[PDB]
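Have a look at the structure below before the remarks.
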Amino acid sequence: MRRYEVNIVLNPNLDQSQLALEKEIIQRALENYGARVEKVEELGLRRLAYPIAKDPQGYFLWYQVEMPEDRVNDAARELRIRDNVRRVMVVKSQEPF
């Protein structure tokens with residue numbers, strides 16, 4: 001297994017209720033692909049490098065996970081289908097918590 005950082009940007013107009021749901025779905029998907037979720041951070045609202053879905057900002061979520069490298073891409077695709085997920089970026093962990 002390898003340790004990765006998953007950066008997710010969500011629709012910025014969700015209320016705390018919808019937000020919590022998206023988080024559970026993300027967690028379940030990562031775990032269904034063999035991931036051990038080590039740390040989860042809610043970063044909040046940021047101005048995006050470029051607008052997505054016509055929105056100039058997004059709600060950021062960060063995850064540190066350990067999972068099979070052969071499943072990373074499949075997991076990322078799964079995450080990208082959700083309508084409220086605007087952007088997904090997976091990088092190899094360099095300085096883990």
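We use all heavy atoms of the structure for the numbers below, so side chains are in, but hydrogens, waters and symmetry mates are not. Sequential numbering from 1 along the given sequence is applied to the chain's residues.
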Would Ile25 and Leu79 satisfy side-chain contact (heavy atoms from CB on, under 4.5 Å), going step by step from the backbone distance to the final call?
CA-CA 9 Å; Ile25 295 174; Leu79 297 178; over 6 Å; no
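Looking at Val6 and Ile26, their side chains never come closer than 4.5 Å, going by heavy atoms from C-beta outward. Here the side chains of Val9 and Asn7 are not in contact, with every heavy-atom distance at 4.5 Å or above. Between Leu48 and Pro56, the closest side-chain pair of non-hydrogen atoms is not below 4.5 Å. Residues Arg86 and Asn11 have side chains in contact (heavy-atom distance under 4.5 Å, counting atoms from C-beta outward). Residues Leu10 and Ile8 are in side-chain contact: their nearest non-hydrogen atoms beyond the backbone lie under 4.5 Å apart. Using a 4.5 Å heavy-atom threshold, the side chains of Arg3 and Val65 count as separate. Side chains of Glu69 and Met1 form no contact here, defined as non-hydrogen atoms less than 4.5 Å apart. Under the 4.5 Å side-chain criterion, counting only non-hydrogen atoms from C-beta, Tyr4 is in contact with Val72.
Side chain of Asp55 to main chain of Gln57: no donor-acceptor pair is present (N/O by atom type, distance under 3.5 Å, no hydrogens or angles). With hydrogens and angles ignored, the 3.5 Å screen pairs no side-chain donor or acceptor of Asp74 with any backbone N or O of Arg77.
The hydrophobic clustering, which links ILVMFWY residues whose side-chain heavy atoms are closer than 4.5 Å, places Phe60 and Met89 apart. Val37 and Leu21 are not part of a single hydrophobic cluster, where members link through side-chain heavy atoms under 4.5 Å apart. A continuous path of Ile, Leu, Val, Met, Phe, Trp and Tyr side chains, each step under 4.5 Å between heavy atoms, connects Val90 with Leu30, placing both in one hydrophobic cluster.
No side-chain donor-acceptor contact under 3.5 Å links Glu5 and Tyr63. If you check the side chains of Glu42 and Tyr59, you find a donor sitting under 3.5 Å from an acceptor. A donor-acceptor pair shorter than 3.5 Å can be found between the side chains of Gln27 and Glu31.
Atoms CD and CE, from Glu38 and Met67 in turn, are 12.5 Å apart once rounded to the nearest 0.5 Å. Remark: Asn13 CG to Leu19 CG distance equals 11.5 Å, nearest 0.5 Å. Note that OG of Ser93 is 10.0 Å distant from CD of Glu66, once rounded to the nearest 0.5 Å. A distance of 10.0 Å separates OH in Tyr33 from CG in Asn73, rounded to the nearest 0.5 Å.
Atom CZ of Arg80 sits in a crowded spot, with more than 12 heavy atoms from other residues, nucleotides or ligands closer than 6.0 Å. Annotation for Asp15: atom CG counts as buried by contact number, over 12 foreign heavy atoms lying within 6.0 Å.
Geometric assessment of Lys39 against the ring of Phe97 yields a positive cation-pi assignment under the 6.0 Å and 45° thresholds.
Smallest separation of non-hydrogen atoms from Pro68 and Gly34: CD-O, 3.5 Å. Closest approach of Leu61 to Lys23, counting heavy atoms only: CD1-CG, 4.1 Å. A pairwise comparison of heavy atoms in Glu22 and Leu14 identifies CG-CD1, 4.0 Å as the closest pair.
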